[PDB]
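> Contents of upload30.txt (compact mmCIF, C-alpha atoms):
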```
# COMPACT_ATOMS: atom_id res chain seq x y z
CA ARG A 1 0.00 0.00 0.00
CA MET A 2 2.85 2.42 0.72
CA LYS A 3 4.39 1.84 -2.73
CA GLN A 4 1.05 2.30 -4.50
CA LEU A 5 0.41 5.50 -2.54
CA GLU A 6 3.70 7.13 -3.42
CA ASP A 7 3.15 6.22 -7.10
CA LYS A 8 -0.40 7.64 -7.19
CA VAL A 9 0.65 10.84 -5.44
CA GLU A 10 3.51 11.43 -7.87
CA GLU A 11 1.14 10.78 -10.82
CA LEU A 12 -1.44 13.19 -9.36
CA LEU A 13 1.19 15.94 -9.06
CA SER A 14 2.36 15.44 -12.69
CA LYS A 15 -1.26 15.57 -13.88
CA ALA A 16 -1.87 18.73 -11.83
CA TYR A 17 1.19 20.38 -13.43
CA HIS A 18 -0.06 19.36 -16.85
CA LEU A 19 -3.54 20.74 -16.20
CA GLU A 20 -2.13 24.02 -14.80
CA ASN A 21 -0.21 24.63 -18.07
CA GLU A 22 -3.22 23.57 -20.19
CA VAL A 23 -5.28 26.12 -18.26
CA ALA A 24 -2.63 28.82 -18.86
CA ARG A 25 -2.64 28.01 -22.59
CA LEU A 26 -6.47 28.28 -22.61
CA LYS A 27 -6.25 31.64 -20.80
CA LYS A 28 -4.06 32.78 -23.74
CA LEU A 29 -6.86 31.91 -26.15
CA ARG B 1 -11.71 22.78 -24.36
CA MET B 2 -13.13 24.55 -21.34
CA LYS B 3 -15.46 21.75 -20.29
CA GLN B 4 -12.63 19.23 -20.92
CA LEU B 5 -10.45 21.06 -18.37
CA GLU B 6 -13.29 21.58 -15.89
CA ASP B 7 -13.96 17.79 -16.06
CA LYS B 8 -10.28 17.03 -15.57
CA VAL B 9 -9.91 19.28 -12.52
CA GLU B 10 -12.96 17.63 -10.88
CA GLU B 11 -11.53 14.15 -11.61
CA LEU B 12 -8.16 15.16 -10.10
CA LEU B 13 -9.79 16.78 -7.06
CA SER B 14 -11.72 13.58 -6.40
CA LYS B 15 -8.53 11.51 -6.68
CA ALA B 16 -6.81 14.00 -4.32
CA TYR B 17 -9.58 13.65 -1.70
CA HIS B 18 -9.46 9.83 -1.78
CA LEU B 19 -5.65 9.85 -1.48
CA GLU B 20 -5.93 12.14 1.55
CA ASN B 21 -8.31 9.58 3.10
CA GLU B 22 -5.77 6.83 2.44
CA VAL B 23 -2.97 8.90 3.98
CA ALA B 24 -5.09 9.54 7.04
CA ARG B 25 -5.77 5.82 7.42
CA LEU B 26 -2.11 4.83 7.05
CA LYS B 27 -0.94 7.53 9.48
CA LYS B 28 -3.31 6.07 12.08
CA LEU B 29 -2.06 2.54 11.37
CA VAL B 30 1.64 3.34 11.70
CA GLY B 31 1.15 5.29 14.94
CA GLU B 32 -0.93 2.85 17.03
CA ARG C 1 -15.87 30.08 -15.70
CA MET C 2 -12.18 30.82 -16.17
CA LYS C 3 -11.63 32.23 -12.68
CA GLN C 4 -13.49 29.31 -11.06
CA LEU C 5 -11.38 26.87 -13.11
CA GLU C 6 -8.16 28.61 -12.10
CA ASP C 7 -9.26 28.57 -8.46
CA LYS C 8 -9.85 24.83 -8.64
CA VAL C 9 -6.50 24.14 -10.31
CA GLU C 10 -4.69 26.06 -7.56
CA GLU C 11 -6.69 24.17 -4.95
CA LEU C 12 -5.69 20.91 -6.63
CA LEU C 13 -1.96 21.80 -6.78
CA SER C 14 -1.92 22.83 -3.09
CA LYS C 15 -3.50 19.45 -2.22
CA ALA C 16 -1.05 17.49 -4.38
CA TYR C 17 1.90 19.26 -2.70
CA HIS C 18 0.38 18.60 0.76
CA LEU C 19 -0.04 14.91 -0.15
CA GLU C 20 3.58 14.78 -1.42
CA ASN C 21 4.83 16.10 1.92
CA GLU C 22 2.58 13.73 3.88
CA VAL C 23 3.75 10.71 1.87
CA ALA C 24 7.38 11.66 2.57
CA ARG C 25 6.67 11.91 6.29
CA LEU C 26 4.89 8.53 6.34
CA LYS C 27 7.69 6.87 4.32
CA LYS C 28 10.18 7.96 7.03
CA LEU C 29 7.84 6.66 9.76
CA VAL C 30 7.45 3.30 8.00
```
Translate this file's structure into structure tokens.


Amino acid sequence: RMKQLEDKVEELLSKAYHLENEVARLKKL
Amino acid sequence: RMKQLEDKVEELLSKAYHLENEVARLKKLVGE
Amino acid sequence: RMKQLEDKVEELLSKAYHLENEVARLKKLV
């Protein structure tokens, strides 16, 4: 469970950074 | 595009909430 | 819509960073 948790948290962070830049690119439009 | 990103942020927020519940549970377990 | 979306994304990133810190603390405890 600890291994899965660390993996899911790191994936969530990378998805959050991706969405933040996608939102910034939309704000440009 | 706007609805796509609104949908994504609600999906990620839900995953974030459930991970916080899991963290809470494991913190309890390792401290008892 | 944009400002509510931005607000949610910031919320999300603050939660992901909080979870990252909590996972590191638990990993040291374990």

> How far is it from CA of residue 25 (chain C) to CA of residue 16 (chain B), in Å with one decimal?

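We find that CA of residue 25 (chain C) and CA of residue 16 (chain B) lie 17.3 Å from each other.
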
> Hey, can I get the axis-aligned box for region 6-24 of chain A? All listed atoms, 4 Å padding on each side, centre and edge lengths in Å to one decimal, as lines of an AutoDock Vina configuration file.


```
center_x = -0.8
center_y = 17.5
center_z = -11.8
size_x = 17.0
size_y = 30.6
size_z = 24.8
```

> Quick one: which chain C residues come within 10 Å of chain B, and what is the nearest atom pair for each with the distance in Å to one decimal, counting only C-alpha atoms, rows ordered by chain and ascending number, as CSV?


```
residue,atom,partner,partner_atom,distance
C:1,CA,B:2,CA,8.4
C:2,CA,B:2,CA,8.2
C:4,CA,B:6,CA,9.1
C:5,CA,B:6,CA,6.3
C:6,CA,B:6,CA,9.5
C:8,CA,B:9,CA,6.8
C:9,CA,B:9,CA,6.3
C:10,CA,B:9,CA,9.9
C:11,CA,B:13,CA,8.3
C:12,CA,B:13,CA,5.8
C:13,CA,B:13,CA,9.3
C:15,CA,B:16,CA,6.7
C:16,CA,B:16,CA,6.7
C:18,CA,B:20,CA,9.1
C:19,CA,B:20,CA,6.7
C:22,CA,B:23,CA,7.4
C:23,CA,B:23,CA,7.3
C:25,CA,B:27,CA,9.3
C:26,CA,B:27,CA,6.7
C:29,CA,B:30,CA,7.3
C:30,CA,B:30,CA,6.9
```

> Considering all atoms listed in the file, give me a table of residues in chain A that are at most 9 Å from chain B, with the closest atom pair and distance in Å for each, as a tab-separated table.


```
residue	atom	partner	partner_atom	distance
A:1	CA	B:26	CA	8.8
A:2	CA	B:26	CA	8.4
A:5	CA	B:19	CA	7.5
A:8	CA	B:19	CA	8.1
A:9	CA	B:19	CA	7.5
A:12	CA	B:12	CA	7.0
A:15	CA	B:12	CA	7.9
A:16	CA	B:12	CA	7.4
A:19	CA	B:5	CA	7.2
A:22	CA	B:5	CA	7.9
A:23	CA	B:5	CA	7.2
A:26	CA	B:2	CA	7.7
```

> Give me, please, the distance in Å between CA of residue 18 (chain A) and CA of residue 7 (chain C), quoted to one decimal.

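Taking CA of residue 18 (chain A) and CA of residue 7 (chain C), their separation equals 15.5 Å.
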